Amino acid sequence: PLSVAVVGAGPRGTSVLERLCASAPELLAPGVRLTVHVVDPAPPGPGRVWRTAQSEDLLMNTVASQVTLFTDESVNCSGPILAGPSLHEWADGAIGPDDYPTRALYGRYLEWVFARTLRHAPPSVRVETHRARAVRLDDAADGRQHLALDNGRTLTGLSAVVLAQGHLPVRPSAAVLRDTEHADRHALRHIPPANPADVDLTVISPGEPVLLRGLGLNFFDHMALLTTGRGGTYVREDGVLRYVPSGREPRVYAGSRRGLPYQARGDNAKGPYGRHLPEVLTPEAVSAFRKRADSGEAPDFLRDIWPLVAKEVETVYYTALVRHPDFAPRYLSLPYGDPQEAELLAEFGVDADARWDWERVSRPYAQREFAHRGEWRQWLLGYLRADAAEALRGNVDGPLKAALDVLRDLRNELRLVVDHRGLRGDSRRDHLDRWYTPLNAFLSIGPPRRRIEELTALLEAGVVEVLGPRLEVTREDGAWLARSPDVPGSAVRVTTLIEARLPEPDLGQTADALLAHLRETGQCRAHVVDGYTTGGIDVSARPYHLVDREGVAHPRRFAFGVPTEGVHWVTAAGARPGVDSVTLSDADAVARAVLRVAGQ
């Protein structure tokens, strides 16, 4: 009887299984039975990231109304549209549409979507689940696939295998190994990169000096786990938050290279489905870029794409600032950086001090010097208060946060420009991966406003200190020494060093046994763009056949999501409703390819 396997039962594997069930009546012949084997060491639907047994202190970064695992009539795919509830609709008044759910609540939605998919399965499809890791994949003698699980079971005779493996562990860097050894010699705690939900922070004591190395979304999780996760609470008075200490908190120090907590997301005013529709990086502009990459002269990100992104953002900022119907048609007719930009702005009442400045938004401390810790702290509090107040105006009427939310909305169009070798390799390396991607995350993949208002109260209470720009950490007898070379008096000896970031996708350093096996035996390879090696596993165009060391696309193997980062840009994002989600149309295309390779 026919069999297939899905490796990974997080959102992407669950979505493949829902799309398999949707198309199986059209693409399997009458009377044919298909067994789908679903393999995850975590209960299926939520997988490891969204498991319901995690701490309720940890939040999503997406509003509840924009979280779904179901296709909708906007989605351009070949399988049938099967409407279901968003997290907000399913949650039955437990959460507001513009509020941020707990990660455990998304888990409970995902466990229910999985149980519902088994209830709605057509009679041609039997699902079998396996609480296990897959550790080897091989060709059988007839060309069907063998999948070996770490519980000693082997699945044989498979017509197809889908790898939906998401956020995988990585072997520690040389720096992470030196710091782990230093912790062993001096009885310290070193916590390497990980989902904050997976780390044991109960080993940190009250009053202990702790460095969070990182100021991004992992930082905001550890900030919550070491405060409200230890009996801390907040109270609001005259608009303004105050932190109420439990006495169990450590002394929290934090820093990074840029030295700033990530920007607050503007409060959502676009509803469940609202997206900035591009007027500079248009589908017409994107088609022309894809035509040049196709004919072998790929665009340069900095020369050719960045000026369109910059114009897109600046136009939205100025349009929200000027609020006159005639302004934007006149501004959009001007080329990016033309001298008439400045003169048109002056004519609509915009002074030189309200003008966009990419250098200031990137490093807003760089005009000034800091004489001691105290001057850094007062500057930083002023900066975070202004950030929270811009975010309260929302992502439609607030000019700054409307403009930075363009960067979140444009990801669809940037993916179509840069994915599948749409850039030259040297531009991919030096412009996208080393400059745009980290700036973009700082500006547009930051926390809810509430997290910036909490951090500000923690800074006022002295429970958190941010050390300052260009964080330096050195190993000493009995501690690490952390300082900012831009903030005199910032030096502090800590006894816990937390690397507050996730492992990035890296096939070359993977700690997954299955991909290490495929890499050693020449059955997968790193995606390469003109001599630049990315961290991504190489796949064909949709429906994403796995490509072997010699460049051969496998007919029975497909890989989908985070492990393809390099082929694809910003894979670490769920489906949104009403916007022709590529995550949903990719799941549908992968499911239909699996059913066609089985259904011969």
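Just count from 1 along the sequence shown to find any residue number.
- In this entry, the higher average B-factor at the C-alpha atoms falls on 474-482, of the pair 474-482 and 417-425.
- The stretch 201-209 shows the higher mean C-alpha B-factor when 201-209 is compared against 101-109 in the entry.
- As recorded in the PDB entry, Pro30 shows the highest C-alpha B-factor of the residues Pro30, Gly536, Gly551, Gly561.
- Per the deposited coordinates, the residue with the largest Cα temperature factor out of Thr456, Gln165, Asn440, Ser124 is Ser124.
- When the modelled residues of the chain are ordered by their C-alpha B factor, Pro43 lands in the highest third.
- The deposited CA B-factor of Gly259 belongs to the middle third of values across its chain.
- Sort the chain's modelled residues by C-alpha temperature factor and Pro169 lands in the highest third, per the entry.
- Annotation for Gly566: CA B-factor lies in the middle third of the chain's modelled residues.
- In this PDB entry, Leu404 carries a Cα temperature factor that places it within the lowest third of its chain's modelled residues.
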